[PDB]
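Only one chain comes next, encoded as structure tokens, the form solved without guanosine-5'-diphosphate (GDP).
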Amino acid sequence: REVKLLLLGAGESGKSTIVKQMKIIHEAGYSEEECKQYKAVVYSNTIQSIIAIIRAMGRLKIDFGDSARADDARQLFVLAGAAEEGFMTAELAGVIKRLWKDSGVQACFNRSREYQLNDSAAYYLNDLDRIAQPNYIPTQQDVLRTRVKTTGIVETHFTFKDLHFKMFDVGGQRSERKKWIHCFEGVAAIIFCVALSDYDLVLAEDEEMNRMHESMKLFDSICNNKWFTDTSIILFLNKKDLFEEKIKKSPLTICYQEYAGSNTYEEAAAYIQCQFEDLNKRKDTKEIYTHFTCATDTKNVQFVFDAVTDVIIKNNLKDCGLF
């Protein structure tokens, strides 16, 4: 059953968006006794999260959207003490709900790139109701969401077609890329997200650099890698949706000057999928398994995922292939 997809890709590839999608389309958890032990940890980190989003409202000027949000915030420090016990009185529950919903607290979390946020601070508050329920048991995902920053590798469990997946997000930015070896073990198939819109955008790592050309480079290092020969490679041209818009104005020539093709979503987006697959040293014996995708659209990540899963079955099985 264990697939364990890896999420590789250039920065801003949208790999993070793919992670949240699994929470929606899929829902699984099977370790109820183990989860109860964690229950203190879940309620704990959640209070630590919104408190971050709150104090950031000070150091960055940000008023609460509604005047009413005053007093609810002050209360949070009081009821929060019970949350350390792993208990959640409903009064603690709604008080948090009013804050995260706020038009102004949302002003902070968009800003979150500056102040440190808890790793899970979104995933928890977004589902704050389900955790609130009496004698709540953490989902098997909830346990993984636990802990202070350190591992640098987000975990995400979900069971599709009765097989347990373990997606492992890793930051696209070059600083994060060195971390990637930790996830290499036990992988079934890689998804290599790549933003088609990047064709004009420059990396934050280097404004001179073309973001797309950067994707072509590290992608070669992975697909060619001897370690991955056993593992399926599956390209994921992310953000096909916004790309059809931006192409209408900007020429593709901003990335591949040689290009002649029309400003159409087909000739344009498809042209990249040509240049990428060409990198393969082993076209004779290795299939790229490309798939256009739109992480922002849950409807599109879903039907596509159904196809990719089938390839994992017929191809991958039993202790990383051999026996």
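The first residue of the sequence shown is number 1, and the count goes up from there.
If you look for the form deposited with guanosine-5'-diphosphate (GDP) bound, you will not find it shown, but the lines that follow are about it.
- guanosine-5'-diphosphate (GDP) in the bound PDB entry comes within 4.5 Å of a heavy atom belonging to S120.
- At the 4.5 Å threshold, heavy atoms of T293 reach guanosine-5'-diphosphate (GDP) in the bound PDB entry.
- Although the partner is absent here, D220 lies well away from guanosine-5'-diphosphate (GDP) in the bound PDB entry, with no heavy atom inside 4.5 Å.
- Residue contact check for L242: one or more of its heavy atoms lie within 4.5 Å of guanosine-5'-diphosphate (GDP) in the bound PDB entry.
- Checking 88-96, 222-230, 145-153, 71-79 against guanosine-5'-diphosphate (GDP) in the bound PDB entry, the stretch whose residues place heavy atoms within 4.5 Å of it is 145-153.
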